[PDB]
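Engineer: Just passing along the structure, written as structure tokens.
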Amino acid sequence: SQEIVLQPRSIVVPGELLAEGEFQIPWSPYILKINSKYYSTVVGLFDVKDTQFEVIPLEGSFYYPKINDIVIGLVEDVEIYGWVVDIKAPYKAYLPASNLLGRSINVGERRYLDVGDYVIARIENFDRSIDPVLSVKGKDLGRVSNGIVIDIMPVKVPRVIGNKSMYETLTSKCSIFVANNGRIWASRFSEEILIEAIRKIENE
Amino acid sequence: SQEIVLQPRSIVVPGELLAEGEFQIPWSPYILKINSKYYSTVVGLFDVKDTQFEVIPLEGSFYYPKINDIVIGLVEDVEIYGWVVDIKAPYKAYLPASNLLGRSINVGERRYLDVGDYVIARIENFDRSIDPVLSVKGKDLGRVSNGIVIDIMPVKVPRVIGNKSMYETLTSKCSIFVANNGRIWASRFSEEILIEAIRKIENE
Amino acid sequence: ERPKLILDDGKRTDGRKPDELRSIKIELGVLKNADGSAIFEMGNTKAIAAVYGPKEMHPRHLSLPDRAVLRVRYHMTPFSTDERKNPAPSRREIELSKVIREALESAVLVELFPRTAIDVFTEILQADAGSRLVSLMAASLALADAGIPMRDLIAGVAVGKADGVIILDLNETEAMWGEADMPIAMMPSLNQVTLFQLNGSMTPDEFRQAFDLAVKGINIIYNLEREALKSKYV
Amino acid sequence: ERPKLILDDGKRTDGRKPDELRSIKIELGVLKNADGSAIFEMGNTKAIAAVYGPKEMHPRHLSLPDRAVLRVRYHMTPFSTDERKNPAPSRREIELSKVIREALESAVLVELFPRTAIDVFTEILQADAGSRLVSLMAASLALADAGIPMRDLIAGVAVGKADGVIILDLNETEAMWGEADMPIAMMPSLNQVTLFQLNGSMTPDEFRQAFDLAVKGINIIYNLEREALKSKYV
Amino acid sequence: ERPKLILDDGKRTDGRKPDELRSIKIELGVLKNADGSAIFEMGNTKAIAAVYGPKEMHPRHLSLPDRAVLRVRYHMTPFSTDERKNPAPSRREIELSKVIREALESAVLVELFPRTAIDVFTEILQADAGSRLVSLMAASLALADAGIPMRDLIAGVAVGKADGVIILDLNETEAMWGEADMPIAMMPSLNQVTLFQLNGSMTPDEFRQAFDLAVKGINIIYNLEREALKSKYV
Amino acid sequence: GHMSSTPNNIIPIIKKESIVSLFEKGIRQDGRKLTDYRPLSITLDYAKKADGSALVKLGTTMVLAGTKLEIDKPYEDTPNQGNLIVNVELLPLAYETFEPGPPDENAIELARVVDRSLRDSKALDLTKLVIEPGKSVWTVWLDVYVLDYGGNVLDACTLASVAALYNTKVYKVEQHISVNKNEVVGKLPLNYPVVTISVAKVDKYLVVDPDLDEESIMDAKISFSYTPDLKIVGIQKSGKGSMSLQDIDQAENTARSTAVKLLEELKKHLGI
Amino acid sequence: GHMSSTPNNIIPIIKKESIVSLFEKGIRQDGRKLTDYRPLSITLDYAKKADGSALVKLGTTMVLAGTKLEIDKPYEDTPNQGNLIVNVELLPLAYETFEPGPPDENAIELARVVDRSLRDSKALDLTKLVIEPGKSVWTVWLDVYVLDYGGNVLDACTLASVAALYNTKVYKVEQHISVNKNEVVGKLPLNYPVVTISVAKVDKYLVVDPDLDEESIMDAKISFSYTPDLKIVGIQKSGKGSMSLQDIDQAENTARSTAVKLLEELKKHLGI
Amino acid sequence: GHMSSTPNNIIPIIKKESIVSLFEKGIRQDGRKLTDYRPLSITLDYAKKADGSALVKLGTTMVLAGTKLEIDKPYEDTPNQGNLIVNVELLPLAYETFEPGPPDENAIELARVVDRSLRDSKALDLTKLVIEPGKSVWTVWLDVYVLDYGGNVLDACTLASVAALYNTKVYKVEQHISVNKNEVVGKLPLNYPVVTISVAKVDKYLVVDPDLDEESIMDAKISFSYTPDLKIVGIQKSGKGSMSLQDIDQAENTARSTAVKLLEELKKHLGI
Ligand code: NA
Ligand code: NA
Ligand code: NA
């Protein structure tokens, strides 16, 4: 006694019935299970991968932190022992001074990151109880000197990447990195890749 | 030149003269010494044990923390590194995550105590400068699964215990533990021990 | 009372049958800064809503450790009413802000975002009765437009009684001079009522007749809500 | 001034001699949520007081590191006065809240509870003069009822002058039309004055005569206070 | 409009030529508690200013991590005006507080003191036009008196137009009845304008004529400011 | 400017179960039936300088309502009516977390719900409060003070309000127009009492007159106002949670049945 | 009591350079010239219960102005004039950091700058708003709501205000004095439109109609108001930074040149 | 809604001892006797647009009082009296911790104590401020601004207030009723001056006119108001601490002795 109610790739809206029956779906913020019925919680695209289904959100300007995700943050404060970083989430991120320096803060020591710097970092700690902690340990993580940083809806990131098909089409125009939090590190003429980005976000 | 002014077991009220002369009484919140005169500071029962006297408070819904006391707390918040616990005092208590776990908090780790849980704990640190710190090291300390928790005026706890005479009379009705902070861990018919508790608090 | 509300042809002062809704127009994504936004028009009643968040609520002792706090404003512009409304919040606006917030609390999946605030701001641009519901629905739609998970959309309508006749979706004339005005809002797919109020007076049988009619209107409105959200994709 | 305040038999407008108090009624433990509570009636003047704490004061930069902060409200209900009093705090209520708080500060053993607040809320239910003292005494009693250590109870009375006669415990007629009104409150066992105010005018010899009479009334009131606190046990 | 503002001899209602300033008196160090203080009189317009800080701003989420926050009040006493001014801040005072603060922001070396507040309080004791500038200059001087580093002093004057004549440093008569009133304040050694406003109306050629005249008056005022600061040492 | 924010009496997990443990048998902690009000006491003329007053005790909830009448000009659009102004204050006396301030959204809601029920019931016919048509009318200031917050404050505010109104003395008006407070010429003219009945949804149960604990665990509550002919003269759902269509239908049926009894009790207290 | 405090759209170091990268060529990010306004849309009669209204869209800035007229007594010192009251609200809808409350200093400034430009321009001659000299006059309540804060809100508030005024219906006044809203007898009488032109200083460049990003990086801005004869009828410098004498001279020259074009566009939108 | 909270000039342990080290010899830090006021300066007509004013300097305490008179209707219950309205502001100029805002409880107390002493003294007989009985009277707005908070602000506010009142010009009233400010016809009619004398209890000593340091260490203070016949026309105990019956008796005896001298000084300053 199982059935999906909607064709795949259906446009879905909050409260819309997706499925009836017993499925064994990993919990998702985009689907609400009420006894043996499943509902979309968002404006989205209903997608069925194998015996399992999902809703792909089409709206939302916030990134939900995930441990080990790579983000582009914007430094917003310098505190005693580290930096507060905006990573476009409902929660501000924090980068410890000790992580960046490889040692504890010295006596009498904004030289490395000050307000307004972009920083590329991995999310090291996060859970429902805490704000995300950042690390700049990996290669090509740290302060961004050159280039630009383009913002998109985070729900769009998988579409800007596409078996990385879209990543490749853009770079055929120009060098870009597509972060998990809907920010994209990237002559002044070819800087009009942002014309393309804005097309991925309004034609998906 | 020494005298107690009042018969023992006298009902006493704030500002009431208890004694004149030089006694060597440990300081007590219930008695104020002004030069060679001693006054009750509370509504209470004046009691003389040997050459020493005291006032037994009859009013008050607050528990004053004492190191090594056993309390029943109610968890009110989960913080990064531990829990805020209501122990019915003028000060909120704190239980470190490290005390309960026997180790430091792991990456990405309300599974053990969340808002609304009762927890039986010993007061590990307290002084006039700090809020009480809790420990759940001892046996039968920790989260309370089953049973109920009955509230009384903390000033009543010595009367609910009584050479533990009253502790025994109640349990002849049913299993109960009488905490220092005026909370009592304890079929549905015999659950009417609370009829008795309310009698200890209004007939002492 | 003074003006006739049900005319000899059995129709209402604006031409409608007792069971007929006013015309509805919905626009989404109307504001550039807001995380989500909507304009909702139901006849001459029109509200705009803007949603921000979830974002960390600074205090932070006013946050909740297991869920988001909704912060909600219902406000009428001074030029939305027949005579100028003073822009300072009235007792009415204070009540209606709470009632609308509490309606949104059943719908918004606040437990997804502990320690945050989701801000919901509505403004009544034109008031011709039912503005608490039009604000509520504009909010529900703005929250959808913002991508904030909800268990369902909220659709609502006021039913009432005019010259003894049970009627659907009151205008200001009916609200002012009729016998009863009963705003109801639901999560229709979930069979749950989010807002329910009555002013005026009804027998208990009239109350049940009206409640039944409201459900019919709500189901029409809900389908318009769903279709409006889908239209930019469909 | 206008009405005669001392009649030909030497008595006052309500039948009392110059040195006679109005009737006093005290009730304790009247509210279930409050940590302590009291109603105090002195003739037709009646106040209720509720006490909460000590509890941690959240700010927490408004706390004191060596003692509790007292937070105290004197407020009159709109129907407590001959003509409606607007419920918004008046300048009078603001002054009287401070004066009452400062009187309680000498009595309450605040150094026992660093970093906390003890909240003391009083409401005047019926105002017929002396309401600042009746609120203060209801507070003192509510603090006792709450088990919050104090060096002494506070008892107080207003003395004054009417048609040239020094008088004890004024009613509203005397307060309005007499020459002087002097509220005094003490910790009587400690010989300490906690509140002392005069409005109107007195010669310095009249002032001393009045002060002396007040002490007599205060000692009567204090014994009633003590007996009221003991009565539920005795 | 009603009174003649330029008389037949070509002089103004108070005896001045079009290009003549009112008399100026400056006093420094007038308050004992303030870290710096000044009284500035320009004709019958008189302001006192008091400065406190830099000190740690408690919130502390309203502080800035790279500089001090200036907190600035422009307020008129009730007896400073021809008819009593209500002491509650008016919309005018709100605007003028911002305009004065923003003028001070270009001058004060706020980046020296991250996370602090510098409080600047001005009171208009007598208002006879130009009080926003007199408050601003009293503030600039009080900040100097307090030893708070600045890139320059601020001097300002209002120019305007009366009966078609471009005029320097308006009195209240000219401000009320003339055609234009244009307050300008500068850091004169740095060629920078800190405050610039016009009310009324001017042709663009009149505007340039007035602006030029203002600069002349500003340079006179600035030298008086410098000399006043030096006088206690010289 | 202002806005409504999600606020919490943090109740232990254990305590909830105990609260509902007897609902199956049709009874709560305190022995009362699901449809029973708590013990009610109404003391008229409690606030001796009020024109009328009532102290209502409903379990541990305590509310004092008082009236004062004044002579005013009618509002220009209602020249042939007096006025009714209802204010409710949730005193900081009443509950630990109630700090002082002007009325918050809860106190404002209570005032407005009570006001609508009085006005829409037609219990108080304001056309009766005219002294000189178009020139002088009575204004009835009704001030309702919650002294002890023990749950279901709305129902207690309604009872206090109605009792205070029925208790309201009207004084002689003298023409020259002055009120002569030495002469009571009447009582405020009411057509009938009104009651408000609040039903809380607690899991699968509906409970009349919820106490503090029950209000701490309820999903939502819905309040219904009735006159003696059992017309519905006001409804207000409140709380964060939703209720089904069927829950509301049932709640009204249950509220109405209780209203009949509550009205009769109230009349006994009022002497009508 | 109250005071003005230093407030910050924390903008990345990288983004600033990009914003000014084309100023050398006389153009900004969006392709527009340094002297160009953003695309302007003016929708008259948008707020159907307003006496007049206008929804102005200036790039992503959106402002709705509405009027309501009432009959009042003239202020005793101006018996032969009606009244104009301007209020501006920066709605919390408009921008993320705008929390609700009464008007803050920015909203109050905007209201007062707009009011001065309307009044000092003599566009609205208040002597025309008299009904009965010394007894009854029109009060024009102008309420200006910033719905979307996209930069240069002042210029948009001015345009909305003027358009709403020109759109304002005047209703028949009946003597017995009552307004009869069934009969429109006129429109509010304006002499001409007014515009306000804001020029932001960005390093060595002056930019007309700054957007949100440009306002985030500017030193200061100066706004100039003009009537069609290009009299200057208001000036206001705003922002933390200073400008040179020469910057202001240049700004005015540039503002005036743009005003000519903006006035002509505005007239087309108004139908005059 | 509002409430009074325990507030602290945290004074070093060492400094207290030094402050009292000379009290035994009958003198304080500044060389003055326990019964001496600090040096007093009173500058009349300081605020040139006030109807009357006085700048009082009492040691480092500085207070500017100013009056403005207006024509009003008498309050209906006092048709044969003008009005006196006293406002005191503790300016944020005055002391470091004084942030701006409406009057706090200290400023409100000061205003009310001053007002009572003026009114109860009968120094200002309000029946003299009638223009047309039952139709027009003077309202005296007295605004008292504490510019520098150097201790014993109350006594300085009283002196400033009385001096400003005595300095108050009364202007010609013209019938048609208008005030003609070109013609001064009188001064406000006062019967006599009043003074307020504050005595602070410092351990076993009583000190007249406490300075900031002495106010920082006192247990309590009591203020007594006097007219020249040395009637007591106001008393106010203030501060957290209590005083004995005997302390108050002594304080009054000491305050009265000082009042005689302070009145004579004040009269010299006023020219009476
Ligand atoms: Na609200
Ligand atoms: Na106060
Ligand atoms: Na401001």
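Lettering and numbering for the structure tokens are positional, with chains as A, B, ... in the shown order, residues counted from 1 in each chain, and ligands counted from 1 in the shown order.
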If you count only C-alpha atoms and all ligand atoms, which residues end up within 7 Å of ligand 2, as number ranges by chain?
Structural biologist: D: 93-98; H: 3-4, 105
Engineer: Keeping only C-alpha atoms, write the selected residues as a PDB file, in the first residue's frame.
Structural biologist:
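Output below, filename selection_36.pdb:
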```pdb
ATOM      1  CA  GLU D  93       3.689  57.746  42.313  1.00  0.00           C
ATOM      2  CA  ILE D  94       7.238  58.059  41.036  1.00  0.00           C
ATOM      3  CA  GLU D  95       8.304  60.011  44.135  1.00  0.00           C
ATOM      4  CA  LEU D  96       6.430  57.699  46.530  1.00  0.00           C
ATOM      5  CA  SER D  97       7.940  54.564  44.940  1.00  0.00           C
ATOM      6  CA  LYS D  98      11.444  55.945  45.680  1.00  0.00           C
TER       7      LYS D  98
ATOM      8  CA  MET H   3       9.443  51.113  39.350  1.00  0.00           C
ATOM      9  CA  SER H   4      12.132  52.350  41.734  1.00  0.00           C
ATOM     10  CA  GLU H 105      13.002  59.628  39.936  1.00  0.00           C
TER      11      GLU H 105
END
```
Engineer: Select residues of chain E: the criterion is any atom within 12 Å of an atom of chain C, counting only C-alpha atoms; output as a compact mmCIF listing (two decimals) with N, CA, C and O atoms, in the first residue's frame.
Structural biologist:
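The result, stored in result.txt:
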```txt
# COMPACT_ATOMS: atom_id res chain seq x y z
N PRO E 59 26.92 48.56 26.29
CA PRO E 59 26.08 47.52 25.69
C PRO E 59 26.61 46.06 25.61
O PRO E 59 26.06 45.22 26.34
N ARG E 60 27.67 45.71 24.86
CA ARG E 60 28.59 46.59 24.14
C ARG E 60 28.40 46.43 22.63
O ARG E 60 29.26 46.81 21.84
N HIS E 61 27.26 45.88 22.24
CA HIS E 61 27.00 45.57 20.84
C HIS E 61 26.67 46.80 20.05
O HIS E 61 26.45 46.72 18.84
N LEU E 62 26.60 47.95 20.71
CA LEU E 62 26.40 49.20 19.98
C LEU E 62 27.72 49.94 19.77
O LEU E 62 27.73 50.98 19.12
```
Engineer: Show me which residues are within 12 Å of ligand 1 counting only C-alpha atoms and all ligand atoms, and format the list as an NGL selection string.
Structural biologist: (:C and (70-75 or 89-102)) or (:F and (1-7 or 103-109))
Engineer: Write out as a PyMOL selection string all residues of region 1-228 of chain H that DSSP puts in alpha helix (DSSP H) for this structure's backbone.
Structural biologist: chain H and resi 13-20+105-120+153-166+212-217
Engineer: Residues near residue 183 (chain B), anyone? I mean within 8 Å using only C-alpha atoms, not counting same-chain ones fewer than 3 positions away, as a list in words.
Structural biologist: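 The filter keeps residues 71, 72, 149, 150, 151, 152, 154, 178, 179 and 180 of chain B.
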